[PDB]
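*Asks:* Quick one: the structure is below, questions incoming.
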Amino acid sequence: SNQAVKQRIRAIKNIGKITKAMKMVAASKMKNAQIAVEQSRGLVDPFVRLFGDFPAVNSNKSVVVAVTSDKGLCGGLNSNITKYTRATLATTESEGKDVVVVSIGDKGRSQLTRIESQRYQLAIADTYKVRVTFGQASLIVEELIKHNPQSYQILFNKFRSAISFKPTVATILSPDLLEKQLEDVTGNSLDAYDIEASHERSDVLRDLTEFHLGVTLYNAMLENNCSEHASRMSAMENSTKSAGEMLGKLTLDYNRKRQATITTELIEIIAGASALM
Amino acid sequence: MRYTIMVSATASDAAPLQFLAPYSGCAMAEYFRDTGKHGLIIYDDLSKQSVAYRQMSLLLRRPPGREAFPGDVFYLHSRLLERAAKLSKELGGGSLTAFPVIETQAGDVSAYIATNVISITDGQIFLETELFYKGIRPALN
Amino acid sequence: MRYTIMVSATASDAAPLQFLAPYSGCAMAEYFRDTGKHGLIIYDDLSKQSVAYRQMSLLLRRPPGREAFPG
Amino acid sequence: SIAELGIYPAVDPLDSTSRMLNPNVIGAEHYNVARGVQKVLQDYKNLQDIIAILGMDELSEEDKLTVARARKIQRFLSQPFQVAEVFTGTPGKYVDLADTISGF
Amino acid sequence: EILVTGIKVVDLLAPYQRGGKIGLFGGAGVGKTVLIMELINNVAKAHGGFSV
Amino acid sequence: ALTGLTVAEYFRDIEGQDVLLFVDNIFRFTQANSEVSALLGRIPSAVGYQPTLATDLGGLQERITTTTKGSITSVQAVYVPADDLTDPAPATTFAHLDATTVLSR
Amino acid sequence: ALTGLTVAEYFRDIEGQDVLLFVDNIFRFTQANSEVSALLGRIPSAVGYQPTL
Ligand SMILES: Nc1ncnc2c1ncn2[C@@H]1O[C@H](COP(=O)(O)OP(=O)(O)O)[C@@H](O)[C@H]1O
Ligand SMILES: [Mg+2]
């Protein structure tokens, strides 16, 4: 009885420091990863400056990649972009296109199969174990090249600040299948460029689309990893605050039970002493 | 003070005087209740009257109960607060309104005397300290 | 019922009767124990026997102990 | 703890019992829906500490389904009373037994 | 035999017996006089016999 | 503590001064009166204090006031037992206090 | 317990050999002294025990 709350105080008092240690670990990880996000943000600009940004294309085959977390104490990150995925899979699909759903992170393979069980075809995980390199995102992009869609959709949280993480849909148009077709505006928007490659414009667009997909995927899983660390930092301080308030209420009840125990034992001793005297 | 009576059994006064002072005040206000007029009474800190009565009972070698209070600490306050009545037209139509004050310890509404007087009085004006140190005064919960 | 005895000192009965009902039931079942048969004695609410025994002892002025129970 | 949540009458459904809650007395579907409501509420009570610490966004899908159904049946067990309409203003509701069995 | 009260939690999870002892537990303003007034208002008018 | 009050009551009532009275550890005044109450066979109240707890504290703390001759101002060190502000000795001592001056490490 | 101890103390003191004394539930010694000590005229100690624990 009176050691039940005395041990519960120990359990919640240790959780109130485990969650604060995890908050400081997430904060140091976000500090170390923000400088990598800000360096990687630059290379995404020339591809959306050259190839534009066309999310609402009439693709026939599309691949949607939802960049989620591995560990699940992020606090509403991997479930929010699943809302954006079901709001995006229900936006492009209006005409009978084939959709592949891919997820990076274990909390994506645990949650995209919930609402989308049959169009899901690939699960990448353990991406964030040591660090994210460009060769890793290149291999993930090559496994997205094993399928041959007409567009690529990337769902990830963009690390704007430590409080705001805007979910971002990023679109990569497949080269001769759709990329030339979206630029055919009374002629073309790509004819102004003099292709100084070894082979034709179709192959330089194939290589440019693969490189743009690799860069978008690398930046997506760096943005999502840093916003994951910021979300874990902000969700291990709601837990330290709640474990502090629960520890306060348990300490108040323990003091009440402590005083009641001393009064009860004292009353028992007095009644036993007055039964004789 | 032209309308106020002030009955004071302070901290240095003897515990039977702190025990009896709510009853003295309630009689002085029952004068106005019983003759058609209207009365207000504030028994400020009945939680200290119950401590005075606990002192009186434990010095009479009476067996203590929950939180070392006597068994008739409910009767102590229900005998008092049931006199705050609104009388019928045949007895005058007079009224007496009580405002007993109870001090809790850490927001512990479920104390012995607090749950005694909550189950005697009609309403309740619970004043919270978390609203009070946030500047919201009167800190009505 | 053709195999069961029902000893029942209920709440309205005196505290000596509720104190003695488990021993009376065990004495009734010791007929089947002592003569080669098998008994199943079920003392429902042995805590209520303890409460009745505490009452019967506190009124006999025996000094109480922990939780006002006798020694 | 249930009155401070605004639920009225503040009955603890996991501590209020009866001897009539028996399928040989009240019928099989009444007993089944009563025990199902009680199991949903007990499974919600088992998650209150982990809802408080880790938050609502860290549960499983069956966990955040049964928490939502439990929060629906917690409010649905409350009811405006006909004698309590003089200090609340909402009118009272006499529910039939078939209505509440089917509704739960 | 059951006693229908018109209260949802009472009729569902702890149904009252027509001719049985019923208790309403709770302390200091949780509503056990409003609940007994509602039980009077619901049961005693649809009873026929006498009340005390 | 009553002897300290008497020496200060001379300076207030005769000399007409503003006196400081440092009752060091008022909780030890409480626990000494608890001990003399237990030695006199009185039944102890809640957590273990004397049944006259508020009255002994009031008989101390009600002589420390402003008269029309002078004033006694008491700076009392307060010990809070088992880190409990709801314990009856500090919760009775806190009823008389007008200010708290918290020295922290 | 005193009886079993005396049987062991004869083997230890008179015959001078190594004895093994197994006492199952020595708590029952203090419990049994507490059961009579209230009727022996002793006002009770702490959590329910005798003053001579
Ligand atoms: N069914 C209800 N609806 C709304 N308020 C209620 C209800 N039941 C109780 N209350 C609240 O509880 C207060 C008093 O409860 P009460 O019946 O007096 O409990 P008790 O008799 O245990 O003191 C009422 O003023 C009311 O505000
Ligand atoms: Mg009532």
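Following the order of the structure tokens, first chain is A, next is B, and so on, with residues numbered from 1 inside each chain and ligands from 1 in the order they appear.
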Using only C-alpha atoms and all ligand atoms, which residues of the polymer chains come no farther than 12 Å from ligand 1? I'd like the answer as a PyMOL selection string.
*Replies:* (chain B and resi 115-125) or (chain D and resi 2-11+77-93) or (chain E and resi 7-9+24-39)
*Asks:* Do you know which residues are at most 9 Å from residue 97 of chain A counting only C-alpha atoms, after dropping those on the same chain fewer than 3 positions away, and could you put them as number ranges by chain?
*Replies:* A: 58-62, 92-94
*Asks:* Go ahead and save the picked residues with C-alpha atoms, as a PDB file, in the first residue's frame.
*Replies:*
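File result18.pdb, as written:
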```pdb
ATOM      1  CA  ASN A  58      -1.230  13.023 -65.762  1.00  0.00           C
ATOM      2  CA  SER A  59       1.206  10.211 -65.129  1.00  0.00           C
ATOM      3  CA  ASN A  60       0.379   6.629 -66.010  1.00  0.00           C
ATOM      4  CA  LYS A  61       2.714   5.031 -63.482  1.00  0.00           C
ATOM      5  CA  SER A  62       3.766   6.933 -60.363  1.00  0.00           C
ATOM      6  CA  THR A  92      -3.255  12.350 -58.641  1.00  0.00           C
ATOM      7  CA  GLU A  93      -5.382   9.206 -58.978  1.00  0.00           C
ATOM      8  CA  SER A  94      -8.432  10.432 -60.906  1.00  0.00           C
TER       9      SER A  94
END
```
*Asks:* For segment 33-38 of chain B, work out the shell of residues within 6 Å, counting only C-alpha atoms and skipping chain neighbours fewer than 3 positions away, then give it as an NGL selection string.
*Replies:* :B and (30 or 92-96)
*Asks:* So how many Å separate atom CA of residue 66 of chain C and atom CA of residue 47 of chain G, to one decimal?
*Replies:*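 Value for the atom CA of residue 66 of chain C-atom CA of residue 47 of chain G distance: 6.6 Å.
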*Asks:* Check chain F with DSSP on the backbone and list each residue it calls strand (DSSP E), as a list in words.
*Replies:* residues 18, 19, 20, 21, 71, 72, 73 and 74 of chain F
*Asks:* May I have the residues from that selection written out with C-alpha atoms, as a compact mmCIF listing (two decimals), in the first residue's frame?
*Replies:*
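In the end it all went to part.txt:
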```txt
# COMPACT_ATOMS: atom_id res chain seq x y z
CA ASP F 18 11.03 47.99 17.31
CA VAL F 19 12.54 44.71 18.41
CA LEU F 20 13.75 41.73 16.42
CA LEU F 21 13.15 38.30 17.92
CA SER F 71 6.68 46.28 17.96
CA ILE F 72 8.31 42.87 18.00
CA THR F 73 9.20 41.47 14.58
CA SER F 74 10.07 37.80 14.54
```
*Asks:* Write out as a ChimeraX atom specification all residues of chain E that DSSP puts in alpha helix (DSSP H) for this structure's backbone.
*Replies:* /E:8-13,34-39
*Asks:* Emit the selected residues as a PDB file, in the first residue's frame, including N, CA and C atoms.
*Replies:*
```pdb
ATOM      1  N   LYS E   8     -28.723   5.139 -18.303  1.00  0.00           N
ATOM      2  CA  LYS E   8     -28.040   4.277 -19.262  1.00  0.00           C
ATOM      3  C   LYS E   8     -26.979   3.417 -18.596  1.00  0.00           C
ATOM      4  N   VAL E   9     -26.160   4.020 -17.737  1.00  0.00           N
ATOM      5  CA  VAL E   9     -25.082   3.274 -17.108  1.00  0.00           C
ATOM      6  C   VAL E   9     -25.634   2.287 -16.090  1.00  0.00           C
ATOM      7  N   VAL E  10     -26.732   2.641 -15.429  1.00  0.00           N
ATOM      8  CA  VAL E  10     -27.346   1.758 -14.451  1.00  0.00           C
ATOM      9  C   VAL E  10     -28.032   0.599 -15.146  1.00  0.00           C
ATOM     10  N   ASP E  11     -28.767   0.862 -16.220  1.00  0.00           N
ATOM     11  CA  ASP E  11     -29.460  -0.230 -16.888  1.00  0.00           C
ATOM     12  C   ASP E  11     -28.505  -1.125 -17.653  1.00  0.00           C
ATOM     13  N   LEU E  12     -27.349  -0.607 -18.048  1.00  0.00           N
ATOM     14  CA  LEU E  12     -26.429  -1.420 -18.828  1.00  0.00           C
ATOM     15  C   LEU E  12     -25.489  -2.221 -17.937  1.00  0.00           C
ATOM     16  N   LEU E  13     -24.795  -1.556 -17.017  1.00  0.00           N
ATOM     17  CA  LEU E  13     -23.656  -2.177 -16.359  1.00  0.00           C
ATOM     18  C   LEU E  13     -23.917  -2.635 -14.937  1.00  0.00           C
ATOM     19  N   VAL E  34     -28.753  13.683  -6.357  1.00  0.00           N
ATOM     20  CA  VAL E  34     -29.368  13.883  -7.662  1.00  0.00           C
ATOM     21  C   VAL E  34     -29.675  12.542  -8.310  1.00  0.00           C
ATOM     22  N   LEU E  35     -28.812  11.551  -8.100  1.00  0.00           N
ATOM     23  CA  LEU E  35     -29.079  10.226  -8.641  1.00  0.00           C
ATOM     24  C   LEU E  35     -30.234   9.562  -7.915  1.00  0.00           C
ATOM     25  N   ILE E  36     -30.354   9.775  -6.607  1.00  0.00           N
ATOM     26  CA  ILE E  36     -31.487   9.193  -5.906  1.00  0.00           C
ATOM     27  C   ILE E  36     -32.763   9.987  -6.163  1.00  0.00           C
ATOM     28  N   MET E  37     -32.671  11.284  -6.479  1.00  0.00           N
ATOM     29  CA  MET E  37     -33.855  12.030  -6.905  1.00  0.00           C
ATOM     30  C   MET E  37     -34.321  11.576  -8.274  1.00  0.00           C
ATOM     31  N   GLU E  38     -33.384  11.291  -9.173  1.00  0.00           N
ATOM     32  CA  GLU E  38     -33.745  10.773 -10.484  1.00  0.00           C
ATOM     33  C   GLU E  38     -34.299   9.365 -10.389  1.00  0.00           C
ATOM     34  N   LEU E  39     -33.797   8.559  -9.457  1.00  0.00           N
ATOM     35  CA  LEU E  39     -34.374   7.240  -9.242  1.00  0.00           C
ATOM     36  C   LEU E  39     -35.774   7.335  -8.659  1.00  0.00           C
TER      37      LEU E  39
END
```
*Asks:* For residue 49 of chain B, find every residue with an atom within 7 Å (counting only C-alpha atoms), except residues of its own chain fewer than 3 positions away, and show them as a list in words.
*Replies:*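 That gives residues 18, 19, 45, 46, 52 and 53 of chain B.
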*Asks:* For N, CA and C atoms, I'd like the residues from the last selection saved as a compact mmCIF listing (two decimals), in the first residue's frame.
*Replies:*
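Here's the written file result18.txt:
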```txt
# COMPACT_ATOMS: atom_id res chain seq x y z
N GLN B 18 -12.64 29.28 20.70
CA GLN B 18 -12.67 29.10 19.26
C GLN B 18 -13.72 28.10 18.84
N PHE B 19 -13.98 27.10 19.67
CA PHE B 19 -15.05 26.15 19.39
C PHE B 19 -16.43 26.81 19.49
N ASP B 45 -12.66 30.31 8.54
CA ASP B 45 -11.86 29.15 8.93
C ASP B 45 -12.58 28.33 10.00
N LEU B 46 -13.62 27.63 9.54
CA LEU B 46 -14.13 26.47 10.27
C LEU B 46 -13.13 25.33 10.33
N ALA B 52 -9.77 23.31 16.98
CA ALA B 52 -10.07 23.62 18.37
C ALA B 52 -10.91 22.53 19.01
N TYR B 53 -11.86 21.98 18.26
CA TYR B 53 -12.68 20.91 18.80
C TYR B 53 -11.91 19.61 18.91
```
*Asks:* When you look at segment 21-23 of chain C with a cut-off of 9 Å (counting only C-alpha atoms), what residues show up, excluding the ones that are within fewer than 5 positions of it in the same chain? I need them as a PyMOL selection string.
*Replies:* chain C and resi 7-9+16+28+42-44+46+49
*Asks:* Keeping only N, CA and C atoms, write the selected residues to a file as a PDB file, in the first residue's frame.
*Replies:*
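What landed in part38.pdb:
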```
ATOM      1  N   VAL C   7     -23.774 -24.218   6.695  1.00  0.00           N
ATOM      2  CA  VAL C   7     -23.696 -23.484   7.949  1.00  0.00           C
ATOM      3  C   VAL C   7     -23.684 -22.009   7.599  1.00  0.00           C
ATOM      4  N   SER C   8     -24.578 -21.233   8.194  1.00  0.00           N
ATOM      5  CA  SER C   8     -24.718 -19.839   7.787  1.00  0.00           C
ATOM      6  C   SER C   8     -25.072 -18.983   8.990  1.00  0.00           C
ATOM      7  N   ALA C   9     -24.081 -18.307   9.543  1.00  0.00           N
ATOM      8  CA  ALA C   9     -24.299 -17.259  10.530  1.00  0.00           C
ATOM      9  C   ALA C   9     -24.203 -15.936   9.786  1.00  0.00           C
ATOM     10  N   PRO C  16     -20.671 -13.619  18.368  1.00  0.00           N
ATOM     11  CA  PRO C  16     -20.231 -14.978  18.706  1.00  0.00           C
ATOM     12  C   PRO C  16     -20.649 -16.039  17.713  1.00  0.00           C
ATOM     13  N   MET C  28     -18.516 -30.120  11.645  1.00  0.00           N
ATOM     14  CA  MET C  28     -19.461 -30.916  10.878  1.00  0.00           C
ATOM     15  C   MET C  28     -18.778 -31.661   9.750  1.00  0.00           C
ATOM     16  N   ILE C  42     -15.707 -24.951   2.928  1.00  0.00           N
ATOM     17  CA  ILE C  42     -15.506 -23.662   2.282  1.00  0.00           C
ATOM     18  C   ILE C  42     -15.905 -22.592   3.282  1.00  0.00           C
ATOM     19  N   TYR C  43     -14.919 -21.920   3.861  1.00  0.00           N
ATOM     20  CA  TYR C  43     -15.188 -20.837   4.799  1.00  0.00           C
ATOM     21  C   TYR C  43     -15.293 -19.555   4.005  1.00  0.00           C
ATOM     22  N   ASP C  44     -16.506 -19.185   3.629  1.00  0.00           N
ATOM     23  CA  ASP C  44     -16.668 -17.947   2.895  1.00  0.00           C
ATOM     24  C   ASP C  44     -16.565 -16.778   3.852  1.00  0.00           C
ATOM     25  N   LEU C  46     -13.616 -15.471   5.672  1.00  0.00           N
ATOM     26  CA  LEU C  46     -12.856 -15.614   6.901  1.00  0.00           C
ATOM     27  C   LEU C  46     -12.479 -14.257   7.474  1.00  0.00           C
ATOM     28  N   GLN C  49     -15.281 -13.374   9.752  1.00  0.00           N
ATOM     29  CA  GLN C  49     -15.056 -14.005  11.047  1.00  0.00           C
ATOM     30  C   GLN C  49     -14.065 -13.215  11.877  1.00  0.00           C
TER      31      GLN C  49
END
```
*Asks:* Would you give me, as a PyMOL selection string, the residues of chain G that come within 8 Å of chain C, using only C-alpha atoms?
*Replies:* chain G and resi 34-39+44+47-48
*Asks:* Please identify all residues of chain A having at least one atom at most 9 Å from any atom of chain B, considering only C-alpha atoms, and return them as a ChimeraX atom specification.
*Replies:* /A:252,259-260,263-264,267,270-271
*Asks:* I need the residues from that last selection saved to file as an mmCIF file, in the first residue's frame (with N, CA and C atoms), if you can.
*Replies:*
```cif
data_model
loop_
_atom_site.group_PDB
_atom_site.id
_atom_site.type_symbol
_atom_site.label_atom_id
_atom_site.label_comp_id
_atom_site.auth_asym_id
_atom_site.auth_seq_id
_atom_site.Cartn_x
_atom_site.Cartn_y
_atom_site.Cartn_z
ATOM 1 N N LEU A 252 2.354 14.290 -3.582
ATOM 2 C CA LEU A 252 1.310 14.795 -2.697
ATOM 3 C C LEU A 252 0.501 13.663 -2.074
ATOM 4 N N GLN A 259 1.299 10.698 6.333
ATOM 5 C CA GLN A 259 0.694 11.283 7.520
ATOM 6 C C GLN A 259 -0.433 10.418 8.060
ATOM 7 N N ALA A 260 -1.222 9.820 7.170
ATOM 8 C CA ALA A 260 -2.281 8.923 7.606
ATOM 9 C C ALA A 260 -1.730 7.668 8.258
ATOM 10 N N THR A 263 -0.609 8.690 11.823
ATOM 11 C CA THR A 263 -1.782 8.889 12.668
ATOM 12 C C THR A 263 -2.464 7.572 13.004
ATOM 13 N N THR A 264 -2.541 6.653 12.042
ATOM 14 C CA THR A 264 -3.212 5.378 12.258
ATOM 15 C C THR A 264 -2.451 4.502 13.238
ATOM 16 N N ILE A 267 -2.796 6.030 16.727
ATOM 17 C CA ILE A 267 -4.118 5.785 17.294
ATOM 18 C C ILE A 267 -4.231 4.347 17.779
ATOM 19 N N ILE A 270 -2.289 4.135 21.058
ATOM 20 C CA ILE A 270 -3.004 4.819 22.134
ATOM 21 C C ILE A 270 -4.195 3.999 22.602
ATOM 22 N N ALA A 271 -4.937 3.401 21.671
ATOM 23 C CA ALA A 271 -6.084 2.586 22.051
ATOM 24 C C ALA A 271 -5.652 1.330 22.790
#
```
*Asks:* Got a sec: who's within 9 Å of segment 21-37 of chain D, counting only C-alpha atoms, leaving out chain neighbours fewer than 6 positions off, as a compact mmCIF listing (two decimals) with C-alpha atoms, in the first residue's frame?
*Replies:*
```
# COMPACT_ATOMS: atom_id res chain seq x y z
CA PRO D 13 -18.42 1.57 -14.74
CA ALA D 70 -13.72 4.15 -25.05
CA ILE D 73 -18.71 5.23 -24.64
CA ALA D 98 -33.63 -1.84 -25.61
CA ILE D 101 -28.52 -2.02 -25.39
CA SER D 102 -28.74 -1.46 -29.15
CA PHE D 104 -24.06 0.51 -27.06
CA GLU E 1 -36.44 -9.54 -12.06
CA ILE E 2 -34.95 -6.37 -13.47
CA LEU E 12 -26.43 -1.42 -18.83
CA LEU E 13 -23.66 -2.18 -16.36
CA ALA E 14 -25.31 -2.58 -12.94
CA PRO E 15 -29.00 -3.33 -13.46
```
*Asks:* Pick out the chain F residues within 7 Å of chain A. Count only C-alpha atoms. Give them as a PDB file with N, CA, C and O atoms, in the first residue's frame.
*Replies:*
```pdb
ATOM      1  N   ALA F  46      -3.146  14.409  15.185  1.00  0.00           N
ATOM      2  CA  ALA F  46      -2.603  14.005  13.891  1.00  0.00           C
ATOM      3  C   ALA F  46      -1.085  14.129  13.891  1.00  0.00           C
ATOM      4  O   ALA F  46      -0.506  14.650  14.844  1.00  0.00           O
ATOM      5  N   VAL F  47      -0.395  13.852  12.795  1.00  0.00           N
ATOM      6  CA  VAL F  47       0.844  13.066  12.664  1.00  0.00           C
ATOM      7  C   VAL F  47       1.692  12.735  13.917  1.00  0.00           C
ATOM      8  O   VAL F  47       2.493  11.804  13.894  1.00  0.00           O
ATOM      9  N   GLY F  48       1.500  13.389  15.045  1.00  0.00           N
ATOM     10  CA  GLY F  48       2.159  12.933  16.243  1.00  0.00           C
ATOM     11  C   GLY F  48       2.361  14.084  17.176  1.00  0.00           C
ATOM     12  O   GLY F  48       2.885  13.949  18.281  1.00  0.00           O
ATOM     13  N   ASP F  84       7.544  18.386   3.560  1.00  0.00           N
ATOM     14  CA  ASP F  84       6.090  18.374   3.483  1.00  0.00           C
ATOM     15  C   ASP F  84       5.568  19.685   4.042  1.00  0.00           C
ATOM     16  O   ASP F  84       5.586  19.895   5.256  1.00  0.00           O
TER      17      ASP F  84
END
```
*Asks:* Could you state the separation of atom CA of residue 100 of chain B and atom CA of residue 60 of chain B in Å, given to one decimal place?
*Replies:*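 Atom-to-atom, atom CA of residue 100 of chain B and atom CA of residue 60 of chain B are spaced 26.6 Å apart.
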*Asks:* Between atom CA of residue 12 of chain B and atom CA of residue 32 of chain F, what is the distance, to one decimal in Å?
*Replies:*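 Between atom CA of residue 12 of chain B and atom CA of residue 32 of chain F the gap works out to 18.6 Å.
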*Asks:* Could you work out which residues of chain A fall inside 7 Å of chain D? Count only C-alpha atoms, and format the result as a PyMOL selection string.
*Replies:* chain A and resi 73+75-76+239+242-243
*Asks:* Since we have the selection now, will you write its residues out, keeping N, CA and C atoms, as an mmCIF file, in the first residue's frame?
*Replies:*
```cif
data_model
loop_
_atom_site.group_PDB
_atom_site.id
_atom_site.type_symbol
_atom_site.label_atom_id
_atom_site.label_comp_id
_atom_site.auth_asym_id
_atom_site.auth_seq_id
_atom_site.Cartn_x
_atom_site.Cartn_y
_atom_site.Cartn_z
ATOM 1 N N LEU A 73 9.461 7.511 -31.309
ATOM 2 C CA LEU A 73 9.167 8.483 -30.266
ATOM 3 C C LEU A 73 9.232 9.899 -30.816
ATOM 4 N N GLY A 75 6.608 11.615 -32.206
ATOM 5 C CA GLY A 75 5.475 12.358 -31.714
ATOM 6 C C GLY A 75 4.663 13.051 -32.779
ATOM 7 N N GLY A 76 4.103 12.290 -33.705
ATOM 8 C CA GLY A 76 3.190 12.830 -34.683
ATOM 9 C C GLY A 76 3.820 13.249 -35.984
ATOM 10 N N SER A 239 6.821 14.999 -22.427
ATOM 11 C CA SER A 239 6.848 13.828 -21.570
ATOM 12 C C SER A 239 7.566 14.096 -20.261
ATOM 13 N N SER A 242 5.006 16.095 -18.304
ATOM 14 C CA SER A 242 3.924 15.257 -17.797
ATOM 15 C C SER A 242 4.414 14.320 -16.706
ATOM 16 N N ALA A 243 5.638 13.818 -16.824
ATOM 17 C CA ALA A 243 6.224 13.024 -15.758
ATOM 18 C C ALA A 243 6.657 13.863 -14.571
#
```
*Asks:* Report as a PyMOL selection string all protein, DNA and RNA residues lying within 12 Å of residue 25 of chain F, evaluated on only C-alpha atoms, omitting residues in the same chain fewer than 5 positions from it.
*Replies:* chain F and resi 1+30-32+74-81+89-90+93
*Asks:* Any chance you could export the current selection's N, CA and C atoms as a tab-separated table (two decimals), in the first residue's frame?
*Replies:*
```tsv
chain	number	residue	atom	x	y	z
F	1	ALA	N	11.60	30.05	23.98
F	1	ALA	CA	10.95	31.02	23.11
F	1	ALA	C	10.09	32.00	23.89
F	30	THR	N	7.94	23.63	18.48
F	30	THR	CA	6.81	22.73	18.29
F	30	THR	C	7.11	21.34	18.82
F	31	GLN	N	8.29	20.80	18.49
F	31	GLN	CA	8.61	19.45	18.91
F	31	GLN	C	8.92	19.36	20.40
F	32	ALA	N	9.38	20.45	21.03
F	32	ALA	CA	9.55	20.43	22.48
F	32	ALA	C	8.22	20.49	23.19
F	74	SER	N	9.44	39.08	14.30
F	74	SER	CA	10.07	37.80	14.54
F	74	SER	C	10.60	37.23	13.24
F	75	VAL	N	11.87	36.91	13.22
F	75	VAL	CA	12.47	36.21	12.10
F	75	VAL	C	12.72	34.79	12.59
F	76	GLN	N	11.89	33.86	12.16
F	76	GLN	CA	11.93	32.50	12.68
F	76	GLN	C	12.43	31.56	11.61
F	77	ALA	N	13.48	30.82	11.92
F	77	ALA	CA	13.94	29.76	11.04
F	77	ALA	C	12.91	28.66	11.03
F	78	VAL	N	12.52	28.22	9.84
F	78	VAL	CA	11.48	27.22	9.70
F	78	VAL	C	12.11	25.95	9.14
F	79	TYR	N	11.94	24.85	9.85
F	79	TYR	CA	12.28	23.54	9.32
F	79	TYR	C	11.00	22.87	8.85
F	80	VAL	N	11.04	22.31	7.64
F	80	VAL	CA	9.91	21.63	7.03
F	80	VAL	C	10.18	20.13	7.08
F	81	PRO	N	9.47	19.37	7.91
F	81	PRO	CA	9.82	17.96	8.13
F	81	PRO	C	9.36	17.08	6.98
F	89	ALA	N	3.01	20.80	11.60
F	89	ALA	CA	3.85	21.79	12.26
F	89	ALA	C	4.22	22.95	11.33
F	90	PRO	N	4.70	22.75	10.08
F	90	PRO	CA	4.87	23.92	9.23
F	90	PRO	C	3.57	24.49	8.71
F	93	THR	N	2.60	26.67	11.38
F	93	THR	CA	3.52	27.81	11.46
F	93	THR	C	3.30	28.78	10.32
```
